[PDB]
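Read off the chains here:
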Amino acid sequence: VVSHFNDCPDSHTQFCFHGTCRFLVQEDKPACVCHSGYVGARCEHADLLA
């Protein structure tokens with residue numbers, strides 16, 4: 001979302017496995033919206049069904 005702010009991959013979203021990241025491009029920092037029914041930090045796990 002808008003190059004200067006974001007443009008992130010999703011299949012490993014730079015930070016997370018199953019995330020949709022705000023790769024703060026100007027900061028070089030990816031941080032994630034975990035996918036529908038997944039859990040977090042590095043969005044590795046499904047919700048409860050890890």
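Residues numbered from 1 in each chain as written, not as in the entry; some residues may be left out. Heavy atoms only, no water.

S.K.: Even after reading the chapter, I still don't get the environment of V33, so can you show me in this structure?
M.R.: Mapped onto the secondary structure, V33 falls in strand β2 (residues 29–34). Note: C-alpha distance between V33 and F15 (18 residues apart in sequence) is 11 Å. Setting aside residues no more than four positions away along its own chain, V33 makes contact with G19, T20 and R22. (Helix = DSSP H or I, 4+ residues; strand = E, 2+ residues; numbered from the N terminus. Contact = heavy atoms within 4.5 Å.)

S.K.: Sorry, what's going on with the UniProt feature "domain: EGF-like" in the chain here?
M.R.: Those places that UniProt annotates as "domain: EGF-like" correspond, in this numbering, to residues 4–44. Within residues 4–44, the helical portion is 0% and the strand portion 34%, while the C-alpha atoms at the span's ends are 27 Å from each other. (UniProt positions renumbered as here; feature names shortened; annotations may be inferred.)

S.K.: Where do I start with a nonpolar patch on the surface in this structure?
M.R.: Residues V1, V2 and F5 make up a contiguous nonpolar surface patch of roughly 310 Å² in combined accessible area. Overall, the relative accessible area of 56% leaves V1 in the exposed class. (Patch = residues over 30% accessible without salt bridge, like charges linked within 9 Å, V, L, I, M, F, W, Y side chains within 5 Å. Areas by Shrake-Rupley, 256 points an atom, 1.4 Å probe, with all protein chains shown as cover. Salt bridge = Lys/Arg side-chain N within 4 Å of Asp/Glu carboxyl O. Buried < 20%, exposed > 50% of the residue type's maximum accessible area, 1.4 Å probe, protein only.)

S.K.: Help me understand the side chain of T13 in this model?
M.R.: Relative to the elements of secondary structure, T13 occurs in the segment before β1 (19–24). Among residues more than four places away in sequence, those in contact with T13 are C8, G19, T20, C21, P30 and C32.

S.K.: Would you mind going over the pairing of β2 with me for this structure?
M.R.: Working note: regular strand, side chains alternate between the two faces of the sheet. In terms of strand pairing, β1 meets β2 through six bridges, oriented antiparallel. Following the sheet pairing, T20 is matched in β2 by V33. Here β1 hands over to β2 after four residues, with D28 in that stretch at a positive phi of 55°. (Pairing = 2+ DSSP bridges.)

S.K.: Help me understand the UniProt feature "disulfide bond" in the chain in this model?
M.R.: With its sulfur atoms placed 2.0 Å apart, the pair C8 and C21 listed by UniProt as a disulfide is counted as bonded here, the threshold being 2.5 Å. Of the two residues, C8 is situated in the segment before β1 and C21 in strand β1; the sequence distance between them amounts to 13 residues. Using a relative accessible area of 19% as the deciding quantity, one classes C8 as buried. Sulfur atoms bridged by a disulfide sit less than 2.5 Å apart; for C34 and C43, annotated as such a bridge in UniProt, the distance of 2.0 Å is consistent with the bond. The exposure class of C34 is partly exposed, given its relative accessible area of 24%. For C43, a relative accessible area of 1% puts it in the buried group. (Disulfide = S-S within 2.5 Å.)

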